[PDB]
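Written below as structure tokens is the structure these notes are about.
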Amino acid sequence: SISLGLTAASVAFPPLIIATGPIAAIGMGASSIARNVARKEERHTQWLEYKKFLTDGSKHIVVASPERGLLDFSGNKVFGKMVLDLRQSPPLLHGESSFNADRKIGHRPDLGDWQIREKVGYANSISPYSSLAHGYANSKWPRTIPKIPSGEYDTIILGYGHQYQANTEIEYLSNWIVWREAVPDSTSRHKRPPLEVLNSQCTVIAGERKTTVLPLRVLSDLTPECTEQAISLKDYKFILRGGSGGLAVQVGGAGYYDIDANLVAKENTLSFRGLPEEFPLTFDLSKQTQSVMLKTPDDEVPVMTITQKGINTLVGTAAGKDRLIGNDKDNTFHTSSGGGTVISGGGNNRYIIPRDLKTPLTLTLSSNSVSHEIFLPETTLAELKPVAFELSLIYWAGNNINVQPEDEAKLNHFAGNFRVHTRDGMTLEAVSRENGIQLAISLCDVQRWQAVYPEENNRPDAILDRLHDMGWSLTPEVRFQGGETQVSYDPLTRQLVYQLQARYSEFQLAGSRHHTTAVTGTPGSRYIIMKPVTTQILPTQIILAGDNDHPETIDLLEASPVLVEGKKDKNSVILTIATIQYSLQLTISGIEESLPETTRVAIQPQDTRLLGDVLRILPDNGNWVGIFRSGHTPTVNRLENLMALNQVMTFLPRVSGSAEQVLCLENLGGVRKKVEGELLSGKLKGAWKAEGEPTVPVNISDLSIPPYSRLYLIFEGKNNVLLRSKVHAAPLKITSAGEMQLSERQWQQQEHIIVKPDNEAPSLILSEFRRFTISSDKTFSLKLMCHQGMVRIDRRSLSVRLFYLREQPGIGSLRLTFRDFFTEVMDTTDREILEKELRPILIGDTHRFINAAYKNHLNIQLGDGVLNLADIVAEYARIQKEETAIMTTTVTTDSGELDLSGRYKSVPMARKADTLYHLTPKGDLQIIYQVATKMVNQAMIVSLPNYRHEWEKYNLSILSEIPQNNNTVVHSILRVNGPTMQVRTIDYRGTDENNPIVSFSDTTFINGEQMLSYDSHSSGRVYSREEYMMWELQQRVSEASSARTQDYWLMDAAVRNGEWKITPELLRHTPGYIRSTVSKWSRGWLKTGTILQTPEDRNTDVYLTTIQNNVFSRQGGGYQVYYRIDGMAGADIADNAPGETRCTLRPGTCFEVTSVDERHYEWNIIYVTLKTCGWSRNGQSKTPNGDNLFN
């Protein structure tokens, strides 16, 4: 806890080099101990003080940290001539140790205490050892030369260590009858001092790697104590010899330095940052020997004397007015922030100058210099005033660099040899103009420009507009380096050519007022033009690369198209697009010399037209022809196809800025439509009729659309809009008599026909009739259509619903309804007693309850079928009497025995291979099952009343048996989840046991057909989990119909209570579909069984619906990945408008990878499905390239 206070937080990319060495303490030398000893006391006590000083001096000669590669000799004070060889793996340490001495015998380390006592003769042989002066004349304070641990060292800290000769004498303590070691008595004949300094040297020989030497900083301030301490150490000899790896000497502040750096090394620093901040420095790199003078009161003292060879990276003082002078080789100057003078030498010179100079900094370029780079790590382009025909860098505020040549006549020599970098990525170059040199912009790194200006969007055209605006000329050669794309630039021709590198790279387009743009085509390209913001816009042009495999798309959604016309010339189309007040021009030309006709243009978000259609309609002669104008139908925003039946639950996303949305109900048939709508969220302005005409308000309860017409509704965009509607075609009325014939074609657009005879009924004929009966039996099909209740009665009217199969997939629908057929007595069919009483009359004499006008048409010729209505009446009477060989299977919510969670129900008798499902318009489930047993014709019905309105509560699952021709028992287990009929067939005992070849299937009601069939003719070979779920993702990325209807049904069921309140009960049913963008991988880098871990973000957003939410659409750059979650239950619900689902997964949640599929990697779309996993807390969150997922 205490050591926590000595630590510091990590710093990133120091723009300027800072000092890092330790600072010396005050009075480290022997002068302090001499002053303390000066107090006249007992002599041996003074010696004890001296010896204590020597002990602490030798106690910490070296501190080694091989883990960080650091050596510390700051604590060395008594180990002189210390030579450190770093070439060996364990560095070699040599040097002299401070030693004890005696006036007569000198230093004799080879003798013991008794032998020394005999030599000098200060006691008797009998004397106890405790009475002898231990360590007299034979002690070495650095007792042993310390052993440096083996390691790889790159930073050496050097201390000022001298070797001391500790002169002593023998003092007889009479009161203690002992002999001790004492400082000599100065009162006697001439005495040698208690401590005498013998040497003041130090040496480190660098190895082969890069080493930094940091001598102790004794001159850190101009305080008088630090000044005199530096003065005392002004002759300390340092000997530094660098290796091939480079040597970085950071001068401590005082002494004699002898730096001999290897010329092979690329950089040999000499940093003066350890000196005081405001220190006037004058250094010349062309002089072998030099001295750094310190202005002490009334004179100078040479506090340094540096003899340097091989140094080429002079780093000036901290913030002091200095004079740096270079040599004939390449140099690098980290100048101070106090201004001064930099007289560079020959060769190539680089400089790093900080911001907020306290004095103008004068750069003098010698006649021998060839090139110059000036780095401005802290300055942005906004602070430089564009002075013309001058090389000096001028600041808007603060002092400015004042570059001058040694001779101004050769100022023109720096053509292209004076580059000025900048923090924001701008790289200026001194280019020669007509009669001089002007600093012009050569490069623009978009990365650093984004870093400096993240608020500003990284548009190259915006950037160049800024450069032109501020008054900075542009070099004929401009490189827009950085990013995924390169822009080559010829301002003379005013030309921008794009170099697309990646494939299917979405790139947005923006015209310029002054600089025409050229767009290079690549497969999968897709550009957007926004609303032009300026007058007098120079045109645009695109070289199209039509591969007919990955066609490009030019988009005009955000341009707000108002006035669009086109023209042809020279095998290229010139277009003009005008907004409400601005204008812009386009030139599409083909590198293949021909028009691709594949680059479809989306001028409007739902009016997308292929280039081929435009080039057909556009005349060949080169004259303007208006192809689009805003005076036509308003912006087509949400198209709704009316021939779809039943609930469709129209939805569109909200846009706050526009606050104007258009829903267009489009009819493609010849029958008038009435939309019986019901607004659930949102409001209406009415229906548009004319451009400059107020919209007449229209009730949403009923809207009329004429055949082959469009109805436009304008909706406010402040809140999300969800509308539920149920459309039905206008029934055609047939009232006349006689014989009439109509074929399949003329009324397949029509959904309902109604007959109201006046005197005689017409002879109804339906040519090309294709009756839908599961079995050929007439009586069995009659029972099937009558047992469900599909035959309906309304007082004296009869309605019957029949189906037809056409070439298009699915089933049609058509109802026959006849009024007045039942007599007045037969209008009371609601009473079962009266119906039972009338049944014998119906069997005996039907004509007693038969209308006379309908007597002649008791049978209807439905093409290949004959409908005998008396048979329908008799069969209905039979069913009614039997109710009050076929039985009804009904189930409830709380009935059933115990992935397949819920309740179990089973039908006793087995079915056939094919299956058929029926869905009543009221919302009842009527699963249809067969018997495969001909001895009585009878089928099974599974009834789930109120299923549509209550499938969320329902959790039941059905079971049935399957016999085969070879007597094979196959178990079928079916689960109902809305529009999904997830059926499972298992051979069970077939060819093995407990290892069944499990096959999967499903049926989805598309366009709301109340009958659906599944023959299961082939179904491939095996329908595995991967087949299922990667199939669903494959269809949903392509926006198929099954995924669309499940999404629509889910969204409709989300509003059972009226508002956005999705209970946890449904979320277990609903899977989770996520769309993400990733940069790149290597093929097959993920496999099944691996684990993902979601990143440490606040939340990861998931959407249950992707079709009408518009999330799976291609957007951005890179590859797209679609993730399929089986069970996402446990994720909280975020603040969403009623209609949009957005659930937030908590960070940490693990996912289990299954069946990662990369078939469509050439399409840059990958399908991946995961599992729920748990708190195991393992996995990976990023791609091998470092790119993060779930964006």
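Here's how to read the names in the structure tokens: chain A, B, ... by the order shown, residue numbers from 1 in each chain, ligand numbers from 1 in the order shown.
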Selection near stretch 1078-1092 of chain A, 7 Å with only C-alpha atoms, sequence-local residues under 2 positions removed, as a PyMOL selection string: chain A and resi 1076+1094+1118-1120+1150-1156+1179-1181+1183+1187+1189
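Of the residues in stretch 276-315 of chain A, those given strand (DSSP E) by DSSP on the backbone are residues 282, 283, 284, 289, 290, 291, 292, 293, 294, 295, 296, 299, 300, 301, 302, 303, 304, 305, 306, 307, 308, 309, 313, 314 and 315 of chain A.
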Just the selected residues (C-alpha atoms), exported as a tab-separated table (two decimals), in the first residue's frame, please.
chain	number	residue	atom	x	y	z
A	282	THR	CA	25.66	26.39	-27.22
A	283	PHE	CA	26.72	23.13	-28.85
A	284	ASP	CA	28.54	22.43	-32.12
A	289	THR	CA	35.99	18.64	-28.00
A	290	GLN	CA	33.78	21.28	-26.43
A	291	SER	CA	32.81	22.78	-23.09
A	292	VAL	CA	29.46	23.73	-21.56
A	293	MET	CA	29.90	26.93	-19.58
A	294	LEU	CA	27.76	27.89	-16.60
A	295	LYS	CA	27.29	31.59	-15.83
A	296	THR	CA	28.16	31.78	-12.17
A	299	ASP	CA	32.25	34.66	-14.59
A	300	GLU	CA	31.88	31.32	-16.37
A	301	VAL	CA	32.82	27.84	-15.18
A	302	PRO	CA	33.19	24.97	-17.69
A	303	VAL	CA	30.81	22.63	-15.88
A	304	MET	CA	31.09	20.10	-18.72
A	305	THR	CA	33.75	19.08	-21.21
A	306	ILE	CA	32.36	16.73	-23.86
A	307	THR	CA	34.60	15.00	-26.41
A	308	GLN	CA	32.18	13.30	-28.78
A	309	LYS	CA	32.57	11.13	-31.86
A	313	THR	CA	21.02	13.13	-32.75
A	314	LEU	CA	21.62	16.24	-30.63
A	315	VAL	CA	18.73	16.87	-28.23
Non-local contacts of stretch 330-346 of chain A (6 Å; only C-alpha atoms; under 5 positions in same chain excluded) as number ranges by chain: A: 312-325, 351-354, 357-366, 368-369
Got a sec to tell me which of stretch 38-245 of chain A DSSP assigns to alpha helix (DSSP H), as number ranges by chain? A: 38, 43-59, 113-120, 224-232
Residues near residue A:238, cut-off 9 Å, only C-alpha atoms, skip fewer than 2 positions along chain, as number ranges by chain: A: 200-204, 215, 236, 240, 255-259
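Here atom CA of residue A:507 is placed at a distance of 10.6 Å from atom CA of residue A:553.
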Would you list the contacts of residue A:1100 as a VMD selection string, taking every protein, DNA or RNA residue within 8 Å and counting only C-alpha atoms, but skipping same-chain residues closer than 5 positions in sequence? chain A and resid 1094 1144 to 1147 1190
Restrict the selected residues to N, CA, C and O atoms and save them as a PDB file, in the first residue's frame.
ATOM      1  N   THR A1094     -18.762 -12.463 -25.789  1.00  0.00           N
ATOM      2  CA  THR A1094     -19.150 -11.128 -26.201  1.00  0.00           C
ATOM      3  C   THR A1094     -18.205 -10.100 -25.575  1.00  0.00           C
ATOM      4  O   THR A1094     -17.701 -10.306 -24.465  1.00  0.00           O
ATOM      5  N   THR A1144     -31.137  -6.267 -25.270  1.00  0.00           N
ATOM      6  CA  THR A1144     -29.740  -6.057 -24.919  1.00  0.00           C
ATOM      7  C   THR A1144     -29.217  -7.266 -24.154  1.00  0.00           C
ATOM      8  O   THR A1144     -29.727  -7.601 -23.080  1.00  0.00           O
ATOM      9  N   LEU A1145     -28.220  -7.933 -24.727  1.00  0.00           N
ATOM     10  CA  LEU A1145     -27.548  -9.019 -24.032  1.00  0.00           C
ATOM     11  C   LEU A1145     -26.495  -8.462 -23.083  1.00  0.00           C
ATOM     12  O   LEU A1145     -25.765  -7.525 -23.420  1.00  0.00           O
ATOM     13  N   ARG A1146     -26.425  -9.038 -21.889  1.00  0.00           N
ATOM     14  CA  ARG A1146     -25.468  -8.573 -20.898  1.00  0.00           C
ATOM     15  C   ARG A1146     -24.053  -8.985 -21.296  1.00  0.00           C
ATOM     16  O   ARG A1146     -23.855 -10.063 -21.864  1.00  0.00           O
ATOM     17  N   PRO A1147     -23.054  -8.149 -21.021  1.00  0.00           N
ATOM     18  CA  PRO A1147     -21.671  -8.523 -21.341  1.00  0.00           C
ATOM     19  C   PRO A1147     -21.223  -9.725 -20.529  1.00  0.00           C
ATOM     20  O   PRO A1147     -21.620  -9.903 -19.375  1.00  0.00           O
ATOM     21  N   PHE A1190     -19.743  -7.727 -33.170  1.00  0.00           N
ATOM     22  CA  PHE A1190     -20.950  -7.146 -32.581  1.00  0.00           C
ATOM     23  C   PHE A1190     -20.872  -5.617 -32.549  1.00  0.00           C
ATOM     24  O   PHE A1190     -20.889  -4.984 -31.492  1.00  0.00           O
TER      25      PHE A1190
END
Which one is closest to residue A:838: A:1127, A:752, A:661, A:877? Count only C-alpha atoms.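 Selected residue with least distance to residue A:838: A:877.
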Identify, on the basis of only C-alpha atoms, every residue whose closest approach to residue A:48 does not exceed 12 Å; exclude the query and any residue fewer than 2 positions from it along the same chain; express the result as an NGL selection string. :A and (33 or 36-37 or 41-46 or 50-55 or 166 or 168 or 180-183 or 194)
Restricting the calculation to only C-alpha atoms: of A:967, A:1105, A:1013, A:1046, which residue gets closest to residue A:918?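 Among the listed residues, the smallest separation from residue A:918 belongs to A:1013.
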Shell of 10 Å around stretch 641-658 of chain A, only C-alpha atoms, local chain residues under 3 positions omitted, as a ChimeraX atom specification: /A:637-638,661-669,671,673-675,677-678,680-681,705,710,715-729,749-751,921,1006-1009,1045,1048-1049,1051-1052,1108-1110,1137,1139-1140
Next, dump the selected residues to file, keeping only C-alpha atoms, as a CSV table (one decimal), in the first residue's frame.
chain,number,residue,atom,x,y,z
A,637,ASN,CA,-41.3,5.2,-49.3
A,638,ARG,CA,-43.2,2.0,-48.4
A,661,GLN,CA,-43.4,9.2,-44.7
A,662,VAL,CA,-45.3,7.8,-47.6
A,663,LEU,CA,-47.2,4.5,-47.6
A,664,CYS,CA,-48.4,3.4,-51.1
A,665,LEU,CA,-51.0,0.7,-51.4
A,666,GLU,CA,-50.5,-0.6,-55.0
A,667,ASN,CA,-53.1,-2.8,-56.8
A,668,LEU,CA,-52.1,-4.8,-59.8
A,669,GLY,CA,-55.4,-6.4,-60.4
A,671,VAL,CA,-60.9,-5.7,-59.1
A,673,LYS,CA,-60.0,-3.0,-53.4
A,674,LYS,CA,-61.3,-1.9,-50.0
A,675,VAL,CA,-58.7,-1.8,-47.2
A,677,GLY,CA,-57.6,-0.7,-41.8
A,678,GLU,CA,-57.1,-0.1,-38.1
A,680,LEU,CA,-52.5,1.2,-33.9
A,681,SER,CA,-49.7,3.7,-33.8
A,705,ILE,CA,-58.3,1.7,-54.3
A,710,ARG,CA,-52.1,3.5,-56.3
A,715,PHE,CA,-47.7,9.8,-42.2
A,716,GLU,CA,-45.9,12.0,-39.7
A,717,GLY,CA,-42.4,10.8,-38.7
A,718,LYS,CA,-42.2,12.0,-35.0
A,719,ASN,CA,-43.2,8.5,-33.7
A,720,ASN,CA,-42.9,5.0,-35.0
A,721,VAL,CA,-45.9,3.9,-37.1
A,722,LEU,CA,-47.6,0.4,-37.0
A,723,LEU,CA,-50.8,-0.2,-38.9
A,724,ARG,CA,-52.9,-3.4,-39.0
A,725,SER,CA,-55.1,-4.0,-42.1
A,726,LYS,CA,-57.2,-6.7,-43.6
A,727,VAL,CA,-58.0,-6.3,-47.3
A,728,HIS,CA,-60.5,-8.2,-49.4
A,729,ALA,CA,-61.2,-7.9,-53.2
A,749,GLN,CA,-57.4,-11.9,-59.9
A,750,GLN,CA,-60.9,-12.0,-58.4
A,751,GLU,CA,-61.3,-13.6,-54.9
A,921,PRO,CA,-59.7,-17.3,-40.8
A,1006,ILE,CA,-47.1,-17.6,-46.9
A,1007,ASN,CA,-49.6,-14.9,-48.1
A,1008,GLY,CA,-52.0,-16.4,-45.5
A,1009,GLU,CA,-53.2,-19.4,-47.4
A,1045,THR,CA,-44.0,-14.2,-42.7
A,1048,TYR,CA,-44.5,-10.5,-39.6
A,1049,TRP,CA,-46.5,-12.9,-37.4
A,1051,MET,CA,-44.4,-8.6,-34.8
A,1052,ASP,CA,-48.2,-8.9,-34.9
A,1108,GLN,CA,-39.3,-5.1,-42.0
A,1109,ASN,CA,-36.8,-3.7,-39.4
A,1110,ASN,CA,-34.2,-3.3,-42.2
A,1137,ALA,CA,-41.0,2.3,-29.7
A,1139,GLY,CA,-43.1,-2.1,-33.2
A,1140,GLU,CA,-39.3,-2.5,-33.1
Give the answer as one residue: which of A:164, A:821, A:849, A:179 has the shortest atom-to-atom distance to residue A:30, using only C-alpha atoms?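 Nearest to residue A:30: A:164.
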Rounded to one decimal in Å, what is the spacing between atom CA of residue A:34 and atom CA of residue A:195?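 Computing it gives 8.8 Å between the two atoms.
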Distance atom CA of residue A:738-atom CA of residue A:771, one decimal place?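 Pair atom CA of residue A:738 / atom CA of residue A:771 returns 24.5 Å.
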